[PDB]
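Input: a single structure, listed below in structure tokens.
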Amino acid sequence: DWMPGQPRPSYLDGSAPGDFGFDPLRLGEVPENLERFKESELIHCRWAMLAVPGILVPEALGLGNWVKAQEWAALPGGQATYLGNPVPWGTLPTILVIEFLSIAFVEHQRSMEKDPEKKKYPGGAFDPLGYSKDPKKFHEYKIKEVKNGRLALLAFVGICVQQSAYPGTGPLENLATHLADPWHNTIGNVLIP
Amino acid sequence: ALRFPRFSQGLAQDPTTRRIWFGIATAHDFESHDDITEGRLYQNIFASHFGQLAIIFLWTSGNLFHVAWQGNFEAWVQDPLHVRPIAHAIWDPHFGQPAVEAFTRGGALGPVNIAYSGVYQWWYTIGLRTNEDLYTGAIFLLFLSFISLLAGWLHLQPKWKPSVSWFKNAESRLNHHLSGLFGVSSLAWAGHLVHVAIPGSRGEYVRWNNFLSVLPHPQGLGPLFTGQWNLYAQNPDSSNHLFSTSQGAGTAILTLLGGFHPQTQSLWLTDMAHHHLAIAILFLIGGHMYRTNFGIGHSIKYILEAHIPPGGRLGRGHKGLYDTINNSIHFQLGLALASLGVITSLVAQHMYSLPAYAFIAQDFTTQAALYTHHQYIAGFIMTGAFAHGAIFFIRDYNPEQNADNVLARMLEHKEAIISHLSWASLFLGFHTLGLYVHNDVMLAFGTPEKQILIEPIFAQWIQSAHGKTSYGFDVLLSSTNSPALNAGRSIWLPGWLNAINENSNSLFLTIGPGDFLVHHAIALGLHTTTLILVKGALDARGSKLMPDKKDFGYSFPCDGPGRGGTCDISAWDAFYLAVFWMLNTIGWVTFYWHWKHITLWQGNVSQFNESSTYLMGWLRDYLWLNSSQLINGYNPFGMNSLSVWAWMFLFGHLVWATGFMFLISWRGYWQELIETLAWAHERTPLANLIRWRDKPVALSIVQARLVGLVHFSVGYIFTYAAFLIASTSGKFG
Amino acid sequence: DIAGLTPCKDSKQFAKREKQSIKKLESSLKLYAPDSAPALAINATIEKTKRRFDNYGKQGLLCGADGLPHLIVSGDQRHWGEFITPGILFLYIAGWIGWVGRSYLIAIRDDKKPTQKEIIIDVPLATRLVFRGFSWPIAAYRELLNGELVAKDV
Amino acid sequence: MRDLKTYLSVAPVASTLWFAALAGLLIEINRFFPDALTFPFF
Amino acid sequence: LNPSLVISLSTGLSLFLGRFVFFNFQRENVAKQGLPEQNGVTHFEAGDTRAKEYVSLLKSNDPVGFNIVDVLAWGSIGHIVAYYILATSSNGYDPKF
Amino acid sequence: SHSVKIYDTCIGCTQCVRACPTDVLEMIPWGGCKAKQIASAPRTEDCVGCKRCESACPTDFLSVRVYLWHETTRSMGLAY
Amino acid sequence: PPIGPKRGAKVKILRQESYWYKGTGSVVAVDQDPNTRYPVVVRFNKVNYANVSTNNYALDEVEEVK
Amino acid sequence: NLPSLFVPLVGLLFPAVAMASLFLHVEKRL
Ligand code: CLA
Ligand code: CLA
Ligand code: CLA
Ligand code: CLA
Ligand code: CLA
Ligand SMILES: CC1=C(/C=C/C(C)=C/C=C/C(C)=C/C=C/C=C(C)/C=C/C=C(C)/C=C/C2=C(C)CCCC2(C)C)C(C)(C)CCC1
Ligand SMILES: CC1=C(/C=C/C(C)=C/C=C/C(C)=C\C=C/C=C(C)/C=C/C=C(C)/C=C/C2=C(C)CCCC2(C)C)C(C)(C)CCC1
Ligand SMILES: CC1=C(/C=C/C(C)=C/C=C/C(C)=C\C=C\C=C(C)\C=C\C=C(C)\C=C\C2=C(C)CCCC2(C)C)C(C)(C)CCC1
């Protein structure tokens, strides 16, 4: 139960992975919408779980933060740098056409499959190590993925809001600024200018 | 049938004079004619559309002919800022010699009227230069009028009359209207701009004879197909440029400068060509949305069926709306009139702020006349839109086929809608009137510092958002660090920011508390007019006082004196009531516009700024003050050219007042009076040798509402037109 | 300042208005004996004028080029005295009146002849109910939550 | 006596008394606190 | 920069996507959305003589059913994207970061 | 002539007939109410459309309806 | 057996053209004679626009409400 | 010269003819 003392919704019995009874707006009242929401929630969770380290790790290294790493495309002759290497295809129209064709193909492949249970957990080629072996352990891994991904989503929100509250920052730069003086470096200064 | 009107046997059998009147007022209501069918309905409408188009072409042809044959056009082109244009000549055998003298002006041989329609600036801007060009135009339009009559006649004979199924093919008509009627027409117009109008702007006279020899651009066609279009934006006209000349002339045919031409004070012709080209592309690509004969496209019905929110807060959503609208010509006319009224006001608001015609912004009588013109047109069009919403609810609306969709739910909670429009109108009315009256009392007691003057800080903040510096809010486009400012610095922003911060033009005029108050009066008028019309449409099928109203039709006198009294209970009566409020609202709008500009044009902006915050200021410093030249158009000491506006000014005052008769006196009084008159005629020797063929009766109840509203409106419009034109043109500034 | 205005304490036009007003009243004052009652009245109007302009200058009102106060209703915290604060006062009083009238109508609605107390006021009941308006925001909020504020299925 | 209090409770009379009191109040408030475009006490 | 290159690439990629990628989606949507109909029946059955769709042109010996109309639609897209990239490359426009 | 109709909500109080100033309406036998009578409009060619009958009906909603229609010398109340 | 609702019962008016539509009224007497098309007699707290406070309704036009 | 022909033509002759003709059509009995 997400909120002790609160009656769980009628349609949330706790059986689903990551189902703690949280839908205060009753957005899953219709079952079709709820299933679609489980799929989409997992998609966001996995994009976030991939994108958070892609945001943090290049910052720990000498490379720019996640904001600076997008900046060459604003200027016309822009060329990307992967690990300091001016990659030749780094021009914006190149990687842009590449990204459109590749992403569009893959994601549209997800659009043209309706199991619907495979739209959440397809497996097969995407489970070569076969972690779907024990359905108990596979379901516990479902709770694992859902909580990890929700955590990553919250973290991403923290990164975007910190970026708005300190334009041209880094999550770890913000963290270090806090570690300097935690009692005088806080969200309190942003909430209260 | 058996006599006029042949379309109504019930009217032809009327022995009274009513038969004639109602024969006229019902001639176009085809659905009420005897033996009407759907096919006859659609076919009569279609032919009527061709007839209208023919009227429009013939009218513009007449304007062209008269400017060419009696006007100043050729002389006006050489000196746009010192030649009064000529509408047409005056041949009136009632003129005394002083009228012949005083109306002879504009450098003409006899009395003439100065045109305030602004067709000289338009035709000059689009490339017309000689009276010969105008004659070619007029004959071309007379030709088009004739072919309109020809097609309308043609589609009334069988095998040329279309089936109703063809009229109800909505997807095809939308594809052709978007892609062809909107898109291709706009594209061709861009053609005329780059081939004729822009050359004429650079000194080149391009006509049908030589337009194949001349290139529109030195490199043209080739940079278009290569995909390097910027070569067309390359060499624009110089900021020092003379419009009829090659001085400062560039070669660019498509630009996005953003401001005005410094000489003509109007939009850049290359800007306008680029505009019509781009929106033409948008209409072309957008006109491929719906499905016809090729196995691709949308079923509008299916899209409407699909847009039903889960959770059911809109019930069944938009299901059944495709047939509800496609089967109801009144629904279609309502949507068309609503949209057309919005964009008519939009035209009014954008043509005074962003003038598109050379040397039109300096002609102040024309700018005022056009703004007033289009705002009143827009008002009437809006009232009509709601009228046909109501007529839809009565004649075409099928409750079972719209069950629990959004449209039926409008009726289902009509009391919340009507009651909240009533609340908004009461709040706006109480407080706008209250603040005006407070300020008037303060100025009466000599304490202007006690007024309630609220800064229109939200609109001011929007003007700052546009880059106006008058208020120092330092927001986007008004601020240096704004991404919105950086993104457009290289394109339109230099010309735009240049134009908005020029103090002479009407581009986002500076606003103060006087503008706050009138804007809230305008809000009041929109809300009250809308309240009347919406209540009329939603109560057209019935109320608690008349639950069976749908069975009585759109227009009926009333339901008798029972149940408390029921006068003006029909939907038509709600329209009739709302027209008064529309005339009031557009009166406030146009008073506002004309006073703000007439003070701007005099360099005396302060007079508006200080005097518009109390109503005596409007009465004394606007109407009373600017009637001075008008009311002296003729007097015991002589006449001048303003006499026609003085006369008309009273004419309106008369017609308006005559309307009051039909609106205050009701029928029974006149019916008894006419009975005494019938007795008088029959008992008078020599005269009783003459007998009436139609029994004289008093006008109908509804008929009197209409006749009185028409007098009220004609007097309204003619009065304000006389004052507007005389007060501006008399000063010309 | 805000909207291009200037504080009335810094406005030349504002001080010119105060000057011209006072000199006008003094022009009227020159006609009467200084001991007379018209004289004392014009002096009282003069003192009231000075009090007026001095107070508008003190409390931070911005002026236009007209030399007259303009009110900032945007919500800017420097000008809550010009709208937001008198506005909250108004909403308190209006809510009081309407809440009391509603209390009266509910109180008489089950009487044998309700209209009888609408044309002849039950003043004892009214006096009992007038001071419910003091706590009208709590009462109306509690009714909104409890479902007693809005009639069911209307 | 009872009938007279009843008459004095009738709509127009109660209205004149009520608005007359309100008018005296507002007049005196504008007498001790004249002019005032704002709530100055903040 | 080369118009033939960009137009050929964009149009070839558009035809390709419409042929091997988005074809099934296209067909299931144009099938479930179906022909426009007035009063519960198609415009042609309702009596519009010119509302009969053209089944001759829609027949194609292309195995999957890709026909002239598909060519026209997707090729139109490819040319609009193509002239978009062409016109946008010769701009010289650059936003101030 | 104006159309006049009666609806079976009629309770047969006779007031529409009593109110009519041109004698358009009658009371005919019927079994649907206690008064065992229902109104009728057999002479609408004399109907002038004043709706005194409608003012007289106690039924909610009305059981007489006057639908003003094609005008005649009789419906316009002309004595000339 | 008695037809219609009990006398004194509160009923909701379902006749759409009734002034008291979706309101309530008290039952007075239900005429047990069949062939009477509108046997239910309802009295109302408020007069309608004809200053009438009672009206007869059909059995399917009244809905007993407590 | 031409206005001296067409102003009375459409301001006198045309309204007289149109009013008389419309009068006849409107008073006709079939
Ligand atoms: C339809 C727009 C229109 C308008 C509003 C006017 C308005 C006017 N015209 Mg003009 N006129 C027009 C078109 C128009 N004209 C056209 C297309 C031609 C042929 C090129 C003329 C040729 C013309 C001449 C020669 C003269 C006028 C004159 C006049 C003025 C006096 C009225 C008159 O003499 O009757 C108008 C005379 C006509 C011949 C007009 C008929 C022309 C076409 C065929 C109109 C169709 C009429 C049709 C039978 C009825 C349709 C009703 C309506 C919609 C037109 C007047 C201000 C006189 C003037 O200037 O006085 C100072 C004058 O001498 N007009
Ligand atoms: C100066 C002319 C005038 C005025 C003041 C009004 C006033 C009003 N009309 Mg009206 N109207 C007019 C002309 C006018 N109309 C004409 C010519 C027509 C054509 C017949 C219409 C037709 C019409 C329709 C069809 C409708 C209105 C509506 C309204 C109300 C609109 C809401 C509002 O503004 O809040 C109130 C605004 C006011 C200006 C009220 C002014 C009086 C204040 C309250 C004085 C306060 C009393 C003060 C203490 C003095 C007491 C005196 C003492 C002896 C008791 C409003 C009361 C609409 C409506 O009802 O809105 C809900 C509506 O539907 N009007
Ligand atoms: C594309 C626009 C459009 C279209 C095609 C229609 C179509 C129709 N309307 Mg609509 N309507 C419109 C716009 C439109 N209207 C607008 C803008 C308004 C607001 C003014 C209305 C308000 C409206 C109402 C209230 C009604 C209609 C009605 C009708 C129907 C019959 C009209 C008729 O036969 O009367 C024939 C018309 C005339 C004989 C015109 C004579 C009266 C005019 C107004 C006087 C002219 C002014 C004066 C002479 C100017 C000269 C002054 C002089 C000193 C110079 C018809 C289907 C009627 C209907 O059938 O309802 C179901 C109806 O009652 N319309
Ligand atoms: C490309 C093919 C095509 C084209 C060009 C048209 C064109 C037209 N049709 Mg048609 N239609 C078509 C296909 C087409 N249709 C097909 C295939 C069908 C069967 C499915 C129909 C069935 C149909 C019917 C039933 C009717 C029409 C009608 C019309 C006319 C509308 C009236 C009008 O003048 O508005 C013109 C519109 C514009 C000029 C563009 C919009 C104007 C904008 C919004 C406002 C002004 C813009 C700009 C600022 C102007 C500057 C002002 C300045 C120049 C002074 C119009 C000329 C109606 C008609 O009038 O009958 C004759 C009518 O009844 N159509
Ligand atoms: C108990 C008194 C009372 C209450 C609580 C309300 C409440 C409301 N009215 Mg109403 N109204 C009232 C009296 C009241 N009204 C009276 C006396 C009239 C006739 C003058 C009206 C006429 C009226 C109209 C025309 C409208 C409303 C509207 C509204 C609603 C929006 C608020 C508003 O516009 O206020 C506006 C208030 C007025 C116009 C007049 C109020 C009169 C005084 C200030 C209140 C009555 C005091 C009363 C005598 C107290 C008796 C004391 C008692 C203890 C003995 C709202 C629910 C609007 C609506 O429908 O909203 C959707 C709207 O259109 N009212
Ligand atoms: C009754 C009825 C009817 C009618 C109705 C009507 C008449 C309506 C109307 C209406 C109207 C008259 C409306 C209007 C509107 C508007 C809107 C809705 C707007 C829009 C907007 C926007 C969204 C914008 C935005 C923007 C931009 C784009 C840019 C700049 C800035 C801004 C923000 C401005 C019908 C027939 C249908 C049916 C039956 C019933
Ligand atoms: C036989 C065959 C084949 C081949 C095929 C081919 C080779 C194809 C072609 C196709 C194509 C190759 C097509 C194309 C194109 C199309 C279209 C349809 C187009 C278009 C265009 C447009 C539409 C344009 C527009 C515009 C303009 C005009 C102006 C401005 C600009 C723009 C863009 C807007 C294969 C082997 C594969 C397989 C087997 C069989
Ligand atoms: C802040 C501010 C502002 C704004 C405002 C707004 C935007 C608002 C909104 C508002 C709203 C949107 C509201 C609403 C409403 C709703 C509803 C739904 C209602 C209700 C009510 C009621 C229910 C009442 C009741 C009562 C009481 C409580 C008392 C008296 C009696 C009675 C019963 C009346 C401005 C800038 C201007 C100025 C500054 C400040």
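First listed ligand is number 1; within each ligand, the first listed atom is number 1. Numbered from 1 within each chain, the chains take letters A, B, ... in sequence-line order.
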Tell me which part of B:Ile391 gets within contact of ligand 3: side chain, backbone, both or neither, using heavy atoms under 4.0 Å. side chain
How far is atom 39 (C) of ligand 8 from its nearest protein heavy atom, and which residue and atom is that? C:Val73 O, 3.4 Å
Write out the residue and atom name of the closest protein heavy atom to atom 14 (C) of ligand 3, then the distance separating them to 0.1 Å. B:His388 NE2, 3.8 Å
Just need the protein heavy atom nearest to atom 23 (C) of ligand 8, so name the residue and atom and give the distance. C:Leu149 CD2, 4.1 Å
B:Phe458 neighbourhood, listing ligand 8 atoms whose heavy-atom distance to it stays under 4.0 Å: 36 (C)
Looking at B:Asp573 and B:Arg705, does any basic side-chain N land under 4.0 Å from a carboxylate oxygen? yes
Give the residue, atom name and distance (to 0.1 Å) of the protein heavy atom nearest atom 37 (C) of ligand 8. C:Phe83 CE2, 4.7 Å
May I ask you to identify, for B:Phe65, whether its side chain, its backbone, both or neither come under 4.0 Å of ligand 1 on a heavy-atom basis? side chain
Nearest non-hydrogen atom to atom 62 (C) of ligand 3 belongs to which of B:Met648, B:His330, B:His33, B:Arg395? B:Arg395
Aromatic ring proximity, centroids under 6.0 angstrom, B:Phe392 and B:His388: no
Using 30° and 60° as the class boundaries, would you call the ring planes of B:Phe50 and B:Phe46 parallel, tilted or perpendicular? perpendicular
At under 4.0 Å between heavy atoms, which part of B:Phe146 makes contact with ligand 1: side chain, backbone, both or neither? neither
Ranked by distance from atom 57 (C) of ligand 3, the top protein heavy atom is B:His28 O, 4.0 Å
For atom 31 (C) of ligand 8, what's the nearest protein heavy atom and its distance? C:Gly98 C, 3.5 Å
Checking contacts here: is it the side chain or the backbone of B:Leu333 that comes within 4.0 Å of ligand 3, counting heavy atoms only? Could be both or neither. side chain
Atom 28 (C) of ligand 8 within contact range, any protein heavy atom under 4.0 Å: yes
Could you see which bit of B:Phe30 sits under 4.0 Å from ligand 3, with heavy atoms only: side chain, backbone, both or neither? neither
Tell me whether atom 21 (C) of ligand 3 lies less than 4.0 Å from at least one protein heavy-atom position. yes
Specify side chain, backbone, both or neither for B:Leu58, according to which of its non-hydrogen atoms lie closer than 4.0 Å to ligand 1. both
The protein heavy atom nearest to atom 33 (C) of ligand 8 is C:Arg102 CD, 4.0 Å
Heavy-atom distances under 4.0 Å are what count here, so tell me which part of H:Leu5 touches ligand 1: side chain, backbone, both or neither. neither
Any idea which protein heavy atom is nearest atom 48 (C) of ligand 3, and the distance to it? B:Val714 CG2, 4.2 Å
Could you tell me whether atom 15 (C) of ligand 8 has at least one protein heavy atom nearer than 4.0 Å? no
